[PDB]
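S.K.: Following this message is one structure expressed as structure tokens.
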Amino acid sequence: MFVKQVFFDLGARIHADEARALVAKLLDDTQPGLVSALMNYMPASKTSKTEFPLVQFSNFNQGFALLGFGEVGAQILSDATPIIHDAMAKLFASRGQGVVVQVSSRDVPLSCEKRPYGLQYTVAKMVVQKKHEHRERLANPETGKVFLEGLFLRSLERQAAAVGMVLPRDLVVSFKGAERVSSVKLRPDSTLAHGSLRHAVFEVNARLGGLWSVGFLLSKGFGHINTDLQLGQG
Amino acid sequence: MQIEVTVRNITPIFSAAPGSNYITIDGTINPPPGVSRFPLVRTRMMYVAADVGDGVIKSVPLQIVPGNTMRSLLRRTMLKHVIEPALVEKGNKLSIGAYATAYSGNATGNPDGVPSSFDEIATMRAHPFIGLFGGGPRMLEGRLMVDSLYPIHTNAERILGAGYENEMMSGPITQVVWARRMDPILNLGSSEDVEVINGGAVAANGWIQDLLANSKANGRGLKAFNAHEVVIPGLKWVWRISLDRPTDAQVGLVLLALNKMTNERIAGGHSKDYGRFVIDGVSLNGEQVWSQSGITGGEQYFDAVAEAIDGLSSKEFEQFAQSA
RNA sequence: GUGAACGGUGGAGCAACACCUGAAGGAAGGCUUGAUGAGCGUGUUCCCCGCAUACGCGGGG
């Protein structure tokens, strides 16, 4: 259907994961349920849902963005936006002279159709390795290629099924190469790190016309770029 | 008495045609719904029969400025720079009704049922301002016939039978001009900008939340996007001012209003500077009198309006306006 | 065999002449389409959820 993007500008850049931690810590004392809705927690406990995350935090050049997928996620952003804005307003008016926090909002529809020609789609900061078996596939290029193929495909089908629209199941993808390899830390000052690719290039015969998130740790703000912006653009 | 005021428009011309029209991002005026129509107020259009192909006359569009619009315009310049200076130099005081009837033809919305006595008709008809624009409670006939602004265009070849055969424009004469509204509190950026707002940054922030609550969800906020169709500038227009057995004072008044015609605007869209124009030529019964320094010629009309400005009292405007 | 049986209501004839809905009337007044999500930090085994039923697959932050 459609995905909503809401952009918040604090006057300074804040990373998506530490923005997620800050949003968790700011409204924790009061309004806990909205936090459960924002963070895709369980209704009863603190742990997160194993399904696709309807609400995922994202980069913004002056702060952080929120992405809500489907009618439910868009409604979550709709009920969450002013209380969240009011929290950063009181936090940034408590210290210093104060700053003014500016927003934007946009409702981008998602779409796809199959074309009989390959199309070049790049992604940046997408996590790929989570277990020791994923490390063992990544050592050899032949067995790592098909793993990345299946990962990119199953991410497309997962967020399709989650958004509630049908994808044609005859798509053939291909992976050309990635510019860099780097680690991703779940929490700072932790020894545990997870492998990730930088500026990976994929090639899909179909076209994609919305926000499409691929790979792991999607709610942390990794491996989504707008496919409308790359389209016919270099 | 026939006058033909041929002008060129310096700024573009927007005289808003009524009708909630709609526009897409690229053309398609009044599209089918669901293409995200934007509101569009087109310029005033007159349908006109024209020689489209050989032997066939069709009702085609041609964008005009209304004759009622510029009747009120000629009356307005007449009154602001000739009549009101006369009534200040002799100290004559108009009433509310006299003022409103001199500018609008009526003091109230109810015209009186009785007709005016013939001495009042003769005196008012003889008077230049009253004769040019009648009206009032007893519904006076005026001597002035103000025709609409046609451009010198192919759609008006049937209109311009005599004269204006050259200087003919073939293509369309309209351009869509897009104006957006922007919200300044979205665009302020800095708190050193908000130190002049009372309440500080938190008040501006709270207004951002009001507009966010409107963005999720009928009080109109800000930041609209609009288009308006405009007539393109630099094109020659023709004005027709006919007169009905005029006194020399009434023609002299028309020429007195006409000389300064340029200061004013033949349009709407005041702030966009729409309506600026320069008169290329003025012909009295076909004779050219227009120069760069106003009208050169018609000295008996100017002398008659000179002697008619003197001795012009408020009581003419008072008596005509007064309802029975 | 009806106090019955018979029997054309017909013809002629203009609803005509004369008469103006039309006089007065501003589509206006305000508004930056540029402003955008887009290119920049993490060096290794730790949590929880399903399918199984543990031989392992899938995934969450």
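Labeling convention for the structure tokens: chains A, B, ... as they appear, residues from 1 per chain, ligands from 1 in order of appearance.
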Check segment 36-89 of chain A with DSSP on the backbone and list each residue it calls strand (DSSP E), as a ChimeraX atom specification.
M.R.: /A:55-60,63-69
S.K.: Write a file of the just-selected residues containing N, CA and C atoms, as a CSV table (one decimal), in the first residue's frame.
M.R.:
```csv
chain,number,residue,atom,x,y,z
A,55,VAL,N,7.3,-0.3,12.0
A,55,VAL,CA,7.9,1.0,12.4
A,55,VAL,C,9.4,0.8,12.5
A,56,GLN,N,10.1,1.5,11.6
A,56,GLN,CA,11.6,1.4,11.6
A,56,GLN,C,12.2,2.8,11.6
A,57,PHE,N,13.2,3.1,12.5
A,57,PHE,CA,13.9,4.4,12.6
A,57,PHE,C,14.8,4.5,11.4
A,58,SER,N,15.0,5.8,10.9
A,58,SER,CA,15.9,6.0,9.7
A,58,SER,C,16.8,7.2,9.9
A,59,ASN,N,17.9,7.3,9.1
A,59,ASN,CA,18.8,8.4,9.1
A,59,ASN,C,18.1,9.7,8.6
A,60,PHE,N,18.6,10.8,9.1
A,60,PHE,CA,18.2,12.1,8.5
A,60,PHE,C,19.3,13.1,8.7
A,63,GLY,N,18.9,14.9,11.7
A,63,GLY,CA,18.3,14.2,12.8
A,63,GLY,C,17.8,12.8,12.5
A,64,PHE,N,16.6,12.5,12.9
A,64,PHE,CA,16.1,11.2,12.6
A,64,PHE,C,14.8,11.1,12.0
A,65,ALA,N,14.6,10.1,11.2
A,65,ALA,CA,13.3,9.9,10.5
A,65,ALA,C,12.7,8.6,11.0
A,66,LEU,N,11.4,8.5,10.8
A,66,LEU,CA,10.5,7.4,11.2
A,66,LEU,C,9.8,6.9,10.0
A,67,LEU,N,9.8,5.6,9.8
A,67,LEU,CA,9.1,5.0,8.7
A,67,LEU,C,8.1,4.0,9.2
A,68,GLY,N,6.9,4.2,8.7
A,68,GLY,CA,5.7,3.4,9.1
A,68,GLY,C,5.1,2.7,7.9
A,69,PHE,N,5.1,1.4,7.9
A,69,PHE,CA,4.7,0.6,6.8
A,69,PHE,C,3.3,0.1,7.0
```
S.K.: Within 6 Å of chain A, which residues belong to chain C? Use only C-alpha atoms (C1' of nucleotides) and report them as a ChimeraX atom specification.
M.R.: /C:42,44,49,60
S.K.: Find the spatial neighbours of residue 28 of chain B, counting only C-alpha atoms (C1' of nucleotides), within a cut-off of 12 Å - ignore same-chain residues fewer than 6 positions away - and output them as a list in words.
M.R.: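 The contact residues come out as residues 21, 22, 35, 36, 37, 38, 40 and 176 of chain B.
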S.K.: Put those residues in a file: N, CA, C and O atoms, as a PDB file, in the first residue's frame.
M.R.:
```pdb
ATOM      1  N   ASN B  21     -11.975  25.927 -11.098  1.00  0.00           N
ATOM      2  CA  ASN B  21     -11.386  25.079 -12.109  1.00  0.00           C
ATOM      3  C   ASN B  21     -10.195  24.347 -11.509  1.00  0.00           C
ATOM      4  O   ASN B  21      -9.798  24.599 -10.372  1.00  0.00           O
ATOM      5  N   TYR B  22      -9.666  23.374 -12.241  1.00  0.00           N
ATOM      6  CA  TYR B  22      -8.621  22.548 -11.656  1.00  0.00           C
ATOM      7  C   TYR B  22      -7.563  22.250 -12.704  1.00  0.00           C
ATOM      8  O   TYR B  22      -7.802  22.349 -13.909  1.00  0.00           O
ATOM      9  N   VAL B  35      -6.429  12.316 -10.090  1.00  0.00           N
ATOM     10  CA  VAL B  35      -5.086  12.618 -10.678  1.00  0.00           C
ATOM     11  C   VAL B  35      -4.398  13.675  -9.805  1.00  0.00           C
ATOM     12  O   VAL B  35      -3.324  14.170 -10.201  1.00  0.00           O
ATOM     13  N   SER B  36      -5.003  13.979  -8.653  1.00  0.00           N
ATOM     14  CA  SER B  36      -4.556  15.019  -7.718  1.00  0.00           C
ATOM     15  C   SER B  36      -4.660  16.420  -8.329  1.00  0.00           C
ATOM     16  O   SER B  36      -3.661  17.080  -8.627  1.00  0.00           O
ATOM     17  N   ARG B  37      -5.904  16.837  -8.543  1.00  0.00           N
ATOM     18  CA  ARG B  37      -6.193  18.166  -9.061  1.00  0.00           C
ATOM     19  C   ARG B  37      -5.773  19.249  -8.074  1.00  0.00           C
ATOM     20  O   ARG B  37      -5.918  19.100  -6.857  1.00  0.00           O
ATOM     21  N   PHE B  38      -5.258  20.307  -8.594  1.00  0.00           N
ATOM     22  CA  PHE B  38      -4.898  21.531  -7.907  1.00  0.00           C
ATOM     23  C   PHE B  38      -5.871  22.636  -8.286  1.00  0.00           C
ATOM     24  O   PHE B  38      -6.334  22.685  -9.430  1.00  0.00           O
ATOM     25  N   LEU B  40      -7.482  26.006  -9.563  1.00  0.00           N
ATOM     26  CA  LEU B  40      -7.096  26.856 -10.673  1.00  0.00           C
ATOM     27  C   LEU B  40      -8.210  27.857 -10.910  1.00  0.00           C
ATOM     28  O   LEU B  40      -9.375  27.475 -11.095  1.00  0.00           O
ATOM     29  N   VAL B 176       0.066  29.333 -17.557  1.00  0.00           N
ATOM     30  CA  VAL B 176      -0.319  29.010 -16.193  1.00  0.00           C
ATOM     31  C   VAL B 176       0.802  29.431 -15.256  1.00  0.00           C
ATOM     32  O   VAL B 176       1.958  29.025 -15.428  1.00  0.00           O
TER      33      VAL B 176
END
```
S.K.: If I take atom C1' of residue 27 of chain C and atom CA of residue 44 of chain B, how far is one from the other in Å, to one decimal?
M.R.: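 Atom-to-atom, atom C1' of residue 27 of chain C to atom CA of residue 44 of chain B, that is 9.0 Å.
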S.K.: Would you kindly report the residues of chain C within 8 Å of chain B, using only C-alpha atoms (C1' of nucleotides), as a list in words?
M.R.: residues 23, 24, 25, 26, 27, 28, 29, 31, 32 and 33 of chain C
S.K.: Counting only C-alpha atoms, which residues of chain A come no farther than 7 Å from chain B, as a compact mmCIF listing (two decimals) with N, CA and C atoms, in the first residue's frame?
M.R.:
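Output below, filename part-v1.txt:
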```txt
# COMPACT_ATOMS: atom_id res chain seq x y z
N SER A 78 1.14 8.40 13.19
CA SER A 78 0.15 9.46 13.33
C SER A 78 -0.18 9.74 14.79
N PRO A 82 3.22 13.82 17.68
CA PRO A 82 3.30 15.06 18.47
C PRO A 82 3.88 14.88 19.86
N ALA A 89 11.32 18.59 22.31
CA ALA A 89 11.20 20.02 22.58
C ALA A 89 11.54 20.34 24.03
N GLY A 98 17.95 26.69 23.80
CA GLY A 98 16.83 26.03 23.19
C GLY A 98 17.01 25.96 21.69
N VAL A 99 16.46 24.93 21.05
CA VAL A 99 16.42 24.83 19.60
C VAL A 99 14.97 24.64 19.18
N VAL A 100 14.73 24.83 17.88
CA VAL A 100 13.41 24.65 17.30
C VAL A 100 13.45 23.41 16.41
N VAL A 101 12.51 22.51 16.61
CA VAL A 101 12.54 21.20 15.96
C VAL A 101 11.54 21.20 14.82
N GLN A 102 12.05 20.96 13.61
CA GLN A 102 11.25 21.02 12.39
C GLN A 102 11.10 19.63 11.78
```
S.K.: Could you please determine the separation between atom CA of residue 135 of chain A and atom CA of residue 119 of chain A in Å, to one decimal place?
M.R.: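 So the two atoms, atom CA of residue 135 of chain A and atom CA of residue 119 of chain A, lie 28.3 Å apart.
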